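S.K.: Below: one structure in structure tokens.
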Amino acid sequence: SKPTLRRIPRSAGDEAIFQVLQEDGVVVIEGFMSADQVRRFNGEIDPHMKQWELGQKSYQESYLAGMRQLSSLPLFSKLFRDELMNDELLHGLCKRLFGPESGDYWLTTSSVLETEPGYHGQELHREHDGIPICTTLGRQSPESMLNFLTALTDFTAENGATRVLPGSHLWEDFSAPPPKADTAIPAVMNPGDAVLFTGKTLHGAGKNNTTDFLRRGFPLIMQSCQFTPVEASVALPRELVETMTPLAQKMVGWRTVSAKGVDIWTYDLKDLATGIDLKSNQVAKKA
Amino acid sequence: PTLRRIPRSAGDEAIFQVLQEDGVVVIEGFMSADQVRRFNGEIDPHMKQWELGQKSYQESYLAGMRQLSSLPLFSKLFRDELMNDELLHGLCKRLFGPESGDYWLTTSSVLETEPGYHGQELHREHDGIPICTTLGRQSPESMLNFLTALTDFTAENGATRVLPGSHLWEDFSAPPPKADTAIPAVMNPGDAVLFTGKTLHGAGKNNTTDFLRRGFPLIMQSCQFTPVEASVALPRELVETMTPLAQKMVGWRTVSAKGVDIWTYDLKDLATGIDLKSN
Ligand SMILES: O=C(O)CCC(=O)C(=O)O
Ligand SMILES: O=C(O)CCC(=O)C(=O)O
Ligand SMILES: O=C(O)CCC(=O)C(=O)O
Ligand SMILES: [Fe+2]
Ligand SMILES: [Fe+2]
Ligand SMILES: [Zn+2]
Ligand SMILES: [Zn+2]
Ligand SMILES: [Zn+2]
Ligand SMILES: [Zn+2]
């Protein structure tokens with residue numbers, strides 16, 4: 001069935017957005033971030049960007065070679081820590097996706113991904129293939145990941161807009177070789193618009209056919225708390241973590257999370273934040 | 001059926017075979033007498049009662065016990081001897097290598113049951129992970145429990161009870177039998193009862209008037225699953241005293257999930273990115 005990529009404003013709310021996500025596996029959120037947020041986030045991000053270093057021999061390297069990438073963005077962005085990790089729409093959607101089979105959720109990875117002119121694109125893939133039990137289960141897998149992929153520049157068919165196959169989250173055989181990326185639908189989007197897809201939906205970065213345009217995307221992937229994050233929370237200094245809200249702290253791997261009633265990521269099997277005396281919403285004063 | 005026993009010297013292949021067939025095996029002399037003495041010496045002064053009011057899966061099974069967890073924080077012998085043990089690593093490589101790749105520590109505790117302690121209901125350890133509860137028998141291997149006796153383990157004093165073969169039963173959601181139908185792992189100090197997360201087991205009833213029965217569960221887990229014990233509780237200073245391999249077990253290095261690097265810094269190697277020292 002030759003399907004369509006649907007588009008829905010941020011103001012429609014999480015119920016309406018979640019419904020298209022269930023039916024299609026992917027939806028465009030218009031105005032996920034405002035223009036002002038995109039400007040400020042870009043300002044914070046610019047000076048830390050660089051090329052992906054080859055020689056890793058990993059799953060990451062197979063899909064991320066040729067891209068400019070920065071990850072562990074809690075370390076580099078106040079707007080990430082304070083605005084995005086407390087966003088009510090993000091949390092409403094995560095509660096609906098992950099609540100039934102997993103309970104709690106948290107950040108697995110977030111990156112800024114900039115594709116240069118001539119970048120050839122990715123093969124279509126499902127994001128849940130980073131987790132081996134989900135690869136084994138295929139369609140029968142529980143929901144494990146949710147990717148909020150925000151456009152930080154214009155996203156066009158020509159400049160490499162992320163390509164998606166609506167409905168692929170419901171195909172019978174997830175191990176079948178995926179189709180060519182050019183049969184998929186590019187998520188044409190203005191800055192601040194985000195393409196939202198589960199870890200079960202076939203997608204990939206498009207070919208950048210321009211001569212002079214750097215196409216900047218912002219994947220932010222939330223994950224079921226029972227699965228180990230791609231990005232380690234031990235990289236964050238305690239001092240920085242203590243500037244965030246309790247909820248943001250929990251997303252970045254410094255609080256206890258409940259896996260269907262099972263407390264995990266604990267200190268002495270009890271609450272983590274209590275055990276280590278973790279502070280929150282700290283604000284350093286000019287003194 | 002019977003609970004089988006194999007000496008530590010027989011090696012990982014022989015031990016792994018009984019584990020596949022029975023889901024549970026006694027390793028004679030997993031730790032030496034001298035290790036048990038020294039480990040006990042280190043552990044003694046930090047023990048306390050489980051605090052109620054947690055409203056968790058942990059609390060449902062651990063109420064009434066004395067417990068200490070996050071044992072890398074309290075024991076040099078844990079950090080240096082146990083986290084580098086060749087037999088532990090040989091068995092984990094065999095259990096987890098096929099479906100998961102790497103593995104690491106999820107939880108380890110000292111569990112002391114007092115006289116009168118009523119025992120646990122029989123349970124499978126993989127029910128701490130929701131996807132494994134859903135899959136039941138069809139679940140991939142997720143956990144391996146090396147449960148070492150730190151005092152004598154007797155039928156009467158609450159030796160851990162196990163049902164050999166329960167890892168192969170068709171229906172994992174069927175209500176388990178009474179704990180007193182299961183076989184107690186009678187053991188000397190340093191012997192360990194080894195079982196997968198799919199095998200029905202539980203701490204026994206302590207029917208003595210005067211014996212404190214001290215067990216030492218050490219649970220390794222497939223790296224794709226979040227640990228029960230958080231690695232952010234460990235200060236960096238302490239982690240840097242351990243070997244690279246021990247560091248990896250306690251959640252401070254990158255682990256490979258069937259070729260997928262996870263627990264990374266900037267998607268690259270964690271230890272490199274944060275400049276992590278060792279030994
Ligand atoms: O059209 C359908 O319902 C799916 C059929 C199909 O692709 C299959 O099961 O092989
Ligand atoms: O950056 C994009 O457009 C897609 C990235 C992606 O799908 C991935 O790297 O897993
Ligand atoms: O300490 C014992 O004997 C068994 C403990 C146990 O099975 C558990 O707490 O999961
Ligand atoms: Fe992807
Ligand atoms: Fe248990
Ligand atoms: Zn609503
Ligand atoms: Zn079919
Ligand atoms: Zn738009
Ligand atoms: Zn051998």
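Every chain in the structure tokens takes a letter, A first, then B, and so on in the order presented; its residues are numbered from 1, and the ligands are numbered from 1 following the presented order.
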With a distance threshold of 6 Å and counting only C-alpha atoms, extract the residues of chain B near chain A and express them as number ranges by chain.
M.R.: B: 56-57, 69-70, 224-226, 228-230, 232, 259-266
S.K.: Taking only C-alpha atoms and all ligand atoms and a cut-off of 10 Å, can you tell me which residues surround ligand 3, written as a PyMOL selection string?
M.R.: chain B and resi 58-63+65+67+107-113+119-128+145+147-149+153+158-162+184-185+193+195+197+200-205+213-219
S.K.: For ligand 4, list the contacting residues at 7 Å or closer, counting only C-alpha atoms and all ligand atoms, as JSON, numbers by chain.
M.R.: {"A": [125, 126, 127, 203, 204]}
S.K.: Neighbours of ligand 2 within 9 Å, counting only C-alpha atoms and all ligand atoms, as a ChimeraX atom specification?
M.R.: /A:60,63-64,67,111-115,121-122,124-127,147,149,151,160-163,202-206,215-219
S.K.: Which of range 88-263 of chain B end up as helix (DSSP H, G or I) when DSSP is run on this backbone - answer as a PyMOL selection string?
M.R.: chain B and resi 88-96+125-128+130-138+166-168+179-181+231-233+236-239+244-249
S.K.: Hey, what's within 12 Å of residue 171 in chain B if we count only C-alpha atoms and toss same-chain stuff fewer than 6 positions away? As a list in words, please?
M.R.: residues 133, 134, 135, 136, 137, 138, 139 and 198 of chain B
S.K.: Would you mind exporting N, CA, C and O atoms of the selected residues as a compact mmCIF listing (two decimals), in the first residue's frame?
M.R.:
```txt
# COMPACT_ATOMS: atom_id res chain seq x y z
N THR B 133 10.02 -11.29 31.01
CA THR B 133 8.77 -11.78 31.59
C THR B 133 7.75 -12.08 30.51
O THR B 133 7.04 -13.08 30.58
N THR B 134 7.67 -11.22 29.50
CA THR B 134 6.75 -11.41 28.38
C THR B 134 7.07 -12.65 27.55
O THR B 134 6.18 -13.38 27.16
N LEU B 135 8.35 -12.84 27.28
CA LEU B 135 8.85 -13.97 26.48
C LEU B 135 8.86 -15.31 27.21
O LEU B 135 8.67 -16.32 26.58
N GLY B 136 9.07 -15.31 28.52
CA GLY B 136 9.07 -16.56 29.29
C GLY B 136 10.20 -17.49 28.86
O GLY B 136 11.36 -17.06 28.81
N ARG B 137 9.87 -18.74 28.54
CA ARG B 137 10.85 -19.70 28.07
C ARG B 137 11.58 -19.24 26.81
O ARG B 137 12.76 -19.52 26.68
N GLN B 138 10.89 -18.53 25.92
CA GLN B 138 11.50 -18.08 24.66
C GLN B 138 12.47 -16.91 24.82
O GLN B 138 13.05 -16.46 23.83
N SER B 139 12.62 -16.41 26.04
CA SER B 139 13.53 -15.32 26.30
C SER B 139 14.98 -15.71 26.04
O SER B 139 15.38 -16.82 26.33
N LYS B 198 16.43 -17.95 34.30
CA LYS B 198 15.26 -18.71 33.88
C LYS B 198 14.93 -19.84 34.83
O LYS B 198 13.93 -20.51 34.64
```
S.K.: So that I can check the secondary structure, give me every residue of range 38-138 of chain B assigned strand (DSSP E) by backbone DSSP, as a ChimeraX atom specification.
M.R.: /B:66-68,103-108,110-113
S.K.: Could those residues be written to a file, using N, CA and C atoms, as an mmCIF file, in the first residue's frame?
M.R.:
```cif
data_model
loop_
_atom_site.group_PDB
_atom_site.id
_atom_site.type_symbol
_atom_site.label_atom_id
_atom_site.label_comp_id
_atom_site.auth_asym_id
_atom_site.auth_seq_id
_atom_site.Cartn_x
_atom_site.Cartn_y
_atom_site.Cartn_z
ATOM 1 N N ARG B 66 18.636 -8.902 55.925
ATOM 2 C CA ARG B 66 19.760 -7.965 56.000
ATOM 3 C C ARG B 66 20.432 -7.972 54.624
ATOM 4 N N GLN B 67 20.667 -6.790 54.059
ATOM 5 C CA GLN B 67 21.281 -6.687 52.743
ATOM 6 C C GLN B 67 22.228 -5.494 52.619
ATOM 7 N N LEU B 68 23.307 -5.727 51.878
ATOM 8 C CA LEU B 68 24.215 -4.688 51.419
ATOM 9 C C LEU B 68 24.425 -4.923 49.935
ATOM 10 N N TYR B 103 28.615 -8.414 28.486
ATOM 11 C CA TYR B 103 27.876 -8.566 29.708
ATOM 12 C C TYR B 103 28.518 -7.658 30.748
ATOM 13 N N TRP B 104 27.801 -7.454 31.846
ATOM 14 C CA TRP B 104 28.312 -6.686 32.984
ATOM 15 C C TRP B 104 27.487 -6.958 34.245
ATOM 16 N N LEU B 105 27.904 -6.380 35.366
ATOM 17 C CA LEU B 105 27.223 -6.582 36.636
ATOM 18 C C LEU B 105 25.889 -5.842 36.636
ATOM 19 N N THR B 106 24.819 -6.527 37.032
ATOM 20 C CA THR B 106 23.541 -5.844 37.289
ATOM 21 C C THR B 106 23.357 -5.567 38.785
ATOM 22 N N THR B 107 23.633 -6.565 39.624
ATOM 23 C CA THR B 107 23.538 -6.394 41.073
ATOM 24 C C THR B 107 24.351 -7.446 41.803
ATOM 25 N N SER B 108 24.886 -7.065 42.947
ATOM 26 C CA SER B 108 25.497 -8.013 43.851
ATOM 27 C C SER B 108 25.189 -7.575 45.269
ATOM 28 N N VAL B 110 25.238 -8.938 49.672
ATOM 29 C CA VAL B 110 25.358 -9.894 50.750
ATOM 30 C C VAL B 110 23.975 -9.958 51.391
ATOM 31 N N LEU B 111 23.422 -11.166 51.506
ATOM 32 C CA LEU B 111 22.080 -11.376 52.047
ATOM 33 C C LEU B 111 22.142 -12.314 53.251
ATOM 34 N N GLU B 112 21.937 -11.755 54.445
ATOM 35 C CA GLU B 112 21.996 -12.499 55.698
ATOM 36 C C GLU B 112 20.568 -12.707 56.257
ATOM 37 N N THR B 113 20.160 -13.968 56.410
ATOM 38 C CA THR B 113 18.831 -14.290 56.936
ATOM 39 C C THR B 113 18.970 -14.672 58.401
#
```
S.K.: Kindly work out which residues sit at most 10 Å from ligand 7, using only C-alpha atoms and all ligand atoms, and give the list as a PDB file with N, CA and C atoms, in the first residue's frame.
M.R.:
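Output contents, as saved in part_37.pdb:
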```
ATOM      1  N   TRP A 171       4.986  -3.998   9.006  1.00  0.00           N
ATOM      2  CA  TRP A 171       5.364  -5.060   8.064  1.00  0.00           C
ATOM      3  C   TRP A 171       5.699  -6.335   8.814  1.00  0.00           C
ATOM      4  N   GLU A 172       5.376  -7.471   8.206  1.00  0.00           N
ATOM      5  CA  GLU A 172       5.499  -8.756   8.877  1.00  0.00           C
ATOM      6  C   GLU A 172       6.965  -9.103   9.201  1.00  0.00           C
ATOM      7  N   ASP A 173       7.833  -8.991   8.200  1.00  0.00           N
ATOM      8  CA  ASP A 173       9.220  -9.473   8.288  1.00  0.00           C
ATOM      9  C   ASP A 173      10.227  -8.313   8.375  1.00  0.00           C
TER      10      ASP A 173
END
```
S.K.: Identify, counting only C-alpha atoms and all ligand atoms, the protein, DNA and RNA residues located within 12 Å of ligand 1, and give them as a PyMOL selection string.
M.R.: chain A and resi 1-2+139+167-168+170-174+176
S.K.: Taking only C-alpha atoms and all ligand atoms into account, list the residues no farther than 12 Å from ligand 9, as a PyMOL selection string.
M.R.: chain B and resi 8-17+86-87+89-91+93-94
S.K.: When you look at residue 239 in chain B with a cut-off of 10 Å (counting only C-alpha atoms), what residues show up, excluding the ones that are within fewer than 5 positions of it in the same chain? I need them as a PyMOL selection string.
M.R.: chain B and resi 72-73+79+231+234+244+246-248+250-252+276-279
S.K.: Show me which residues are within 6 Å of ligand 8 counting only C-alpha atoms and all ligand atoms, and format the list as a ChimeraX atom specification.
M.R.: /A:30,189-190,193
S.K.: At a cut-off of 6 Å, can you tabulate as a Markdown table every residue of chain A near ligand 6 together with its closest atom pair and the distance in Å to one decimal, using only C-alpha atoms and all ligand atoms and ordering rows by chain then number?
M.R.:
```
| residue | atom | partner | partner_atom_place_in_ligand_line | distance |
| --- | --- | --- | --- | --- |
| A:13 | CA | ligand 6 | 1 (Zn) | 5.4 |
| A:14 | CA | ligand 6 | 1 (Zn) | 5.6 |
| A:15 | CA | ligand 6 | 1 (Zn) | 5.4 |
```
S.K.: Let's have the selection written as a PDB file, in the first residue's frame, with N, CA and C atoms.
M.R.:
```
ATOM      1  N   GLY A  13      -1.416  18.468  20.215  1.00  0.00           N
ATOM      2  CA  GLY A  13      -1.251  17.792  21.493  1.00  0.00           C
ATOM      3  C   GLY A  13      -0.805  16.360  21.274  1.00  0.00           C
ATOM      4  N   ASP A  14      -0.467  15.699  22.375  1.00  0.00           N
ATOM      5  CA  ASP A  14       0.126  14.371  22.338  1.00  0.00           C
ATOM      6  C   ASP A  14      -0.818  13.244  21.914  1.00  0.00           C
ATOM      7  N   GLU A  15      -2.103  13.328  22.275  1.00  0.00           N
ATOM      8  CA  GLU A  15      -3.074  12.302  21.889  1.00  0.00           C
ATOM      9  C   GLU A  15      -3.195  12.199  20.360  1.00  0.00           C
TER      10      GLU A  15
END
```
